[PDB]
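Residue numbers (the deposited numbering), protein chains in the order written: chain A, 1 to 98; chain B, 1 to 36, 43 to 96. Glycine is no exception: its CB is placed at the ideal position from the N, C-alpha and C atoms.
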Amino acid sequence: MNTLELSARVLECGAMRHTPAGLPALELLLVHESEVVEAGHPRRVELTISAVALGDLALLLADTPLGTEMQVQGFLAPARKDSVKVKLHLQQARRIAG
Amino acid sequence: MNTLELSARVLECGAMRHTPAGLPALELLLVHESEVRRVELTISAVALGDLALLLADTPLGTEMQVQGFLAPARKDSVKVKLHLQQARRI
């Protein structure tokens, strides 16, 4: 089990790249903001996380306007081998239109 | 919406403490295993109140199913922490 669901705004949207096998790959920077209750107390949560799309989601998310609201889900992986930093690997994403 | 569901093994289980409000608090280190190399996801988790009592003194190596929200370890930190809202053994 490894699945993160998150609502966020696109803070940065990289240039479209491709793997050697020609697969589209895109890196984005997402910023999440919300209030949550912890142990029975209110708490502001502001999370910035790097996310990677590969394949069809990369094509879908390519050139997303900055500030765009999104709803994504995917799995967490270390940024780099043995890294304590984490990156979200997108499996689902949808661009919300205000 | 900010919810992470994760199966993991307890790599580190800290000593239980208490916040300035007398609330029980515990810090653990969890490791999740995935395939393609040997992908090893490590995640620092924090348990409060009742969950801290449940997880306190958990033997290392123990398999857990956890759920909660992610937040930065601190102001502008590049590191994250999983704030546990649910957790269960085996």
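Length of the line joining the Cα atoms of A/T19 and B/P24: To locate residue 19 of chain A, count along the first sequence from 1; it is residue 19. To locate residue 24 of chain B, count along the second sequence from 1; it is residue 24. Their Cα atoms are separated by approximately 48 Å.
Name the one or two DSSP bridge partners that residue 39 of chain B has. Since the model of chain B passes from 36 to 43 in one step, residue 39 of chain B is not part of what is shown.
So which residues of chain A does B/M70 contact, with C-beta pairs closer than 9 Å? For the purposes of this step, residue 70 of chain B is identified with residue 64 of the second sequence, where counting begins at 1. Residues of chain A passing the Cβ test: none, with the nearest at roughly 10 Å.
Mark B/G74 as exposed unless 16 or more other C-beta atoms lie within 10 angstroms of its C-beta, in which case mark it buried. As a working note, residue 74 of chain B is residue 68 in the second sequence. Taking all protein chains in view, the Cβ of B/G74 is crowded by 16 or more other Cβ atoms within 10 Å, so the residue is classified as buried.
Roughly how many angstroms separate the alpha carbons of A/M1 and A/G98, rounded to a whole number? Walking along the first sequence from the start, residue 1 of chain A turns up at place 1. Walking along the first sequence from the start, residue 98 of chain A turns up at place 98. Whole-angstrom Cα-Cα distance: 32 Å.
Counting only Cβ-Cβ distances shorter than 8 Å, please list the residues of the stretch 5–22 of chain A near chain B, keeping chain order. For the stretch 5–22 of chain A, residues whose beta-carbon sits nearer than 8 Å to a beta-carbon of chain B comprise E5, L6 and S7.
Which residues DSSP lists as bridging A/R17, in chain order: Sequence index remark: in the first sequence, residue 17 of chain A carries index 17 (1-based). Assignment of beta-bridge partners to A/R17 by DSSP yields A/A25.
Closest Cβ-Cβ distance between A/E38 and chain B: below 7 Å? By 1-based counting over the first sequence, the position of residue 38 of chain A is 38. Yes, A/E38 counts as interfacial toward chain B.
Element boundaries [beta strand (DSSP E), containing B/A53]: Here residue 53 of chain B refers to the residue found at position 47 when the second sequence is read from its first residue. Under the DSSP assignment, B/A53 falls in the beta strand (DSSP E) whose first and last residues are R44 to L54.
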